[PDB]
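What follows is a single chain, given as structure tokens, in the form deposited in one PDB entry.
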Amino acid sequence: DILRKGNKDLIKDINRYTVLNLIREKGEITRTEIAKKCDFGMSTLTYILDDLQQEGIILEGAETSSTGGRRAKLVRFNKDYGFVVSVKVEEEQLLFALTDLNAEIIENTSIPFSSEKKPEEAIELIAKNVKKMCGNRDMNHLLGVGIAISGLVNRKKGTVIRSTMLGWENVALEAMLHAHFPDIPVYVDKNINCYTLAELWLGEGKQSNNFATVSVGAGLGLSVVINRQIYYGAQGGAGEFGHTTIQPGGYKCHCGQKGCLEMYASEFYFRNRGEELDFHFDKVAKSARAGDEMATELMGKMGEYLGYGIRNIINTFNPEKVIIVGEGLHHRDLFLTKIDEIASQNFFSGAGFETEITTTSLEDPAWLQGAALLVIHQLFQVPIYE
């Protein structure tokens, strides 16, 4: 990523994208609020807003109440300038959503398919629905495709390095969709990252710039947001906190290591510990509340493991806030008090800074909205790099 040369195009783009983003955030806003918050004289907004309206990305809104005074006319973000299609690839099915530029779902469908070991066919099935959801619309307005998957992703290339869930290896997902949509960006990322984009744009991100998102289900996912940016490692390759070692020589994990955190702090623990003594999360939780000794032990220890996992996310990253999301299970059923009891005693609370641990305020559609946000985030990012 090299910084763009300093010139007039860079000046125009910076001011138009910044003003545009404030308008997105508010939905509607007066020229005067934009001026105060972005430090622009009204005459500069004359040219910026004129260009944006000419593109069709903003619209004239309603007249505001008079305070003197000529009545101001609201500047409205055109959420329908275009649309996005998002896809979520699951074991049993392919979920789809056509969304507006606010990531609000307009249409959604589900196509059942056995995606395990047949990526070629899954891609073609994706390409088909993408074309079908735009069947009663103009495909010029299709601004991109966003894909959420469970696995390891090379974001530099848009390839799925590995997906244990689906039995995929080195699938050039983006390359294959690009043959069907050459002018349309196609982005793939892991589920936890798509969900985190949903929190950033629709959830916790509306009041915080820093938080960590922890998904607990069949595995444990972690995505850290610092200053409204998600942390990725080298070459854009995401870190894998779920596969940190907590017990040397412990349960054999599907990643090839022994003793991974997610083998103790996720639903996998029930499967593992179960065999050593039904183990689906919801049944185990019910049985626990009913006082079954085995079910209470599993829920209790998973809660302890999760607690130490979350404490270490806090100590390692200094996220300020941790959001727990259930992935295929209801997080309110977790031993939340234990998790909080353990993780709230950390390095930073010891020094006078509390870190709040809470649960998501978003619903299931957020996974798909997040996948769409992969595209929207890219479209509205101030283009200072090349």
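Sequential numbering from 1, following the sequence displayed. Between two forms, the rigid core is defined as the largest C-alpha subset superposing within 1.5 Å.
Coordinates are given for every deposited residue between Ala179 and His180; the gap count there is zero. Stretch comparison (283-291 versus 146-154) by mean CA B-factor in the PDB entry places 283-291 on top. The PDB entry records a higher mean C-alpha B factor for 115-123 than for its counterpart among 80-88 and 115-123. In the PDB entry, the Cα temperature factor peaks, among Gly237, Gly203, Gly274, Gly300, at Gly274. Within the listed group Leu59, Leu336, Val325, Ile342, the record reports its top CA B-factor for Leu59. Sorting the modelled residues of the chain by their CA temperature factor places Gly69 in the highest third. In this PDB entry, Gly27 carries a Cα temperature factor that places it within the highest third of its chain's modelled residues. Sort the modelled residues of the chain by CA B factor and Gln93 lands in the highest third.
In the deposited entry, the Cα temperature factor of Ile105 places it in the middle third of its chain's modelled residues. Residue-level temperature factors show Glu363 in the highest third of its chain, judged at the C-alpha atom.
Just so you know, the form deposited in another entry exists too; it's not on screen, but the next bit is about it.
After superposition on the rigid core, the single residue among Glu240, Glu204, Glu304, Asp100 whose C-alpha moves by 2 Å or more between the shown form and the other one is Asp100.
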